[PDB]
């Protein structure tokens with residue numbers, strides 16, 4: 001029930017409501033041993049929004065991603081578009097001719113050797129069960 | 001480090017894309033589940 | 001016994017054989033009773049109360065002379081005496097900004113892993129009071145989202161003495177990855193985007209970027225160079241070793257296990 | 001037993017080819033260009049589109065295994 005409210009305010013843009021609940025239910029949060037969320041959760045309040053947009057829009061302007069995030073202005077837009085790539089959020093690149101943020105699509109997972117990399121562990125796993133079976137069988 | 005540098009100026013756990021996907025028709029499909037094999 | 005306690009205490013400390021005499025005082029400190037458990041005779045911690053204070057000013061001597069490997073040597077021995085194994089520790093007032101000196105030493109050197117493992121030990125000390133820790137964690141709450149040179153707009157709030165030696169490293173550790181990110185997909189910008197937004201309309205900051213980095217301002221632009229590759233592939237380099245896996249597959253499957 | 005046959009035919013053919021190069025053999029318009037046509041085939045295995053023949057077909061046979 002306190003953990004109930006904690007995750008809904010991430011998706012919504014209201015933070016004073018989040019700071020209300022943290023002030024309301026901090027004693028349960030401090031009983032859980034999760035003191036250090038708030039020093040790094042306000043981080044992810046605007047990171048959840050920018051990944052949701054970058055997953056939505058394939059080629060987004062800087063001049064539009066701000067005003068949707070109640071962020072007032074096309075500079076406060078790419079005040080969230082230079083560590084998220086460094087943190088591993090979005091593939092997208094930015095040209096200083098248009099200021100537009102466009103990402104691409106992954107196709108070569110079956111076209112290039114992704115599957116047989118993953119299979120070699122699982123081939124080796126299934127033969128171990130056959131080896132654990134026969135070695136542990138004939139005790140009568 | 002590196003200010004992202006700029007010039008210009010309830011409780012719906014993917015049960016929300018379930019529940020905001022869900023608001024005007026089926027409540028007489030909650031025990032309306034069984035009346036259909038003499039006519040139809 | 002209390003060798004030159006407050007001789008060159010406040011005004012200056014130009015003396016160089018004082019430090020060996022101060023180390024000569026520190027010869028006595030580790031040789032009175034002990035240091036490692038410091039179990040009995042609580043009065044033998046009372047010079048260790050002042051053995052904290054003489055290394056505090058020894059760290060103030062190291063920040064006077066800009067000695068980074070000593071400043072961690074003092075602070076670790078202090079913190080392990082703030083973690084004396086008999087932790088009774090009567091409260092000295094110079095602890096809370098000394099850790100703030102440690103917390104700003106460590107934040108400016110990309111020790112963000114060392115940051116968030118430091119805060120585990122002081123739950124209400126670091127937040128509810130202690131502006132010398134409240135300011136570097138409000139720095140870090142600024143250092144989450146988009147406030148890293150808004151930090152420089154909040155530069156003029158130092159509660160202690162100047163703190164210049166580690167906001168200069170904070171000047172250093174920001175402006176160089178600034179230069180690293182403009183080498184990346186931020187392709188090219190004119191001189192005035194380096195002026196208003198980096199900061200500081202033109203000092204020898206233009207000498208900073210033209211000499212530490214390239215980016216020579218020619219005709220009205222900072223110019224990027226080639227930062228691409230060729231991407232070759234063979235995919236039959238594995239054809240020697242993928243055959244090694246297939247021979248191994250029929251190896252164990254045929255052997256009498 | 002296959003590739004042993006491959007190595008056996010190459011040690012024989014260079015023994016013929018070292019003799020006809022220098023000193024003594026008839027250099028005739030037999031094999032020396034009919035064997036030149038053997039070099040003409042020599043598929044260029046690791047090139048542009050053949051990579052998409054091993055990564056679209058070997059991983060088919062990996063799933064069945």
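Each reported figure results from applying straightforward, stated rules to the coordinates on display, with no laboratory input. Every residue, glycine among them, receives a Cβ derived from its backbone with ideal geometry; neighbour counts consider all protein chains shown.
With 0.36 nm allotted per residue and the present C-alpha distance subtracted, the residue C:131-residue C:4 stretch has 42.5 nm of extension available.
Under the simplified labelling scheme, the residue D:21-residue C:50 pair shows an inter-label distance of 9.3 nm, with each label point 7 Å from Cα along Cα→Cβ. For the protein assembly as shown, the fraction of alpha-carbon pairs lying more than 45 Å apart is 48 percent, rounded to a whole number.
Axis angle, to the nearest 10 degrees, between helix D:2-21 and the longest C-alpha principal axis of chain D: 30 degrees. Only helices enter the 222 nm calculation for chain A: every DSSP H run of n ≥ 4 contributes -39,500 (n - 2.57), and dividing by all residues gives -16000 deg cm²/dmol, rounded to 500. A simple spin-label model places the labels of residue C:245 and residue B:13 3.6 nm from each other, with each point 7 Å out along Cα-to-Cβ. At q = 0.30, 0.31, 0.32, 0.34 Å⁻¹, what log₁₀ I(q)/I(0) does the range C:163-204 have when each alpha carbon counts as one equal point scatterer in the Debye sum? Debye intensities relative to I(0), on a log10 scale: -1.10, -1.11, -1.12, -1.13.
Shape descriptor for the range A:19-84: Rg over Rh equals 1.12 (Cα atoms; Rh from the Kirkwood inverse mean 1/r).
For residue D:32 and residue C:109, a Förster radius of 51 Å and the Cβ-Cβ distance give a FRET efficiency of 0.10, rounded to the nearest 0.05. The slack in the chain from residue C:77 to residue C:208, taken as 0.36 nm per residue of separation less the alpha-carbon distance, amounts to 43.4 nm.
Shape analysis of the range C:115-197 based on the Cα gyration tensor places the equivalent ellipsoid semi-axes at 30, 15, 11 Å, largest first.
For the pair residue C:27 and residue C:158, the difference between a 0.36 nm per residue extended length and the Cα-Cα distance amounts to 43.6 nm. Here the range C:19-60 is treated as a sphere whose radius is the Kirkwood value from Cα pairs; by Stokes-Einstein at 25 °C and 0.890 mPa s it diffuses with a coefficient of 228 µm²/s.
Remark: spin-label model distance residue D:62-residue A:19 equals 5.2 nm, labels positioned 7 Å along the Cα→Cβ axis.
Principal axis analysis of the Cα atoms in the range C:193-236 yields extents of 56, 21, 18 Å, listed in decreasing size.
Given q = 0.10, 0.13, 0.15 Å⁻¹, what are the Debye log10 I(q)/I(0) values for the range C:27-143, with equal point scatterers placed on the Cα positions and solvent ignored? Debye output, listed in q order: -0.33, -0.55, -0.73.
Take the convex hull of the alpha carbons in the range C:72-217; its mean projected area over all directions comes to 10.7 nm².
Restricting the calculation to Cα atoms, chain D shows an Rg/Rh of 1.22 when the hydrodynamic-style radius is the Kirkwood one. Using the Cβ-Cβ distance between residue C:201 and residue A:91 with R0 = 30 Å, the FRET efficiency computed as 1/(1 + (r/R0)^6) comes to roughly 0.25. The C-alpha radius of gyration of chain A, expressed as a fraction of 2.2 N^0.38 Å, stands at 1.63. Suppose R0 equals 60 Å; then what is the FRET efficiency for residue A:133 and residue C:188 from their Cβ-Cβ distance, rounded to the nearest 0.05? Efficiency, from the Cβ-Cβ distance: 0.40.
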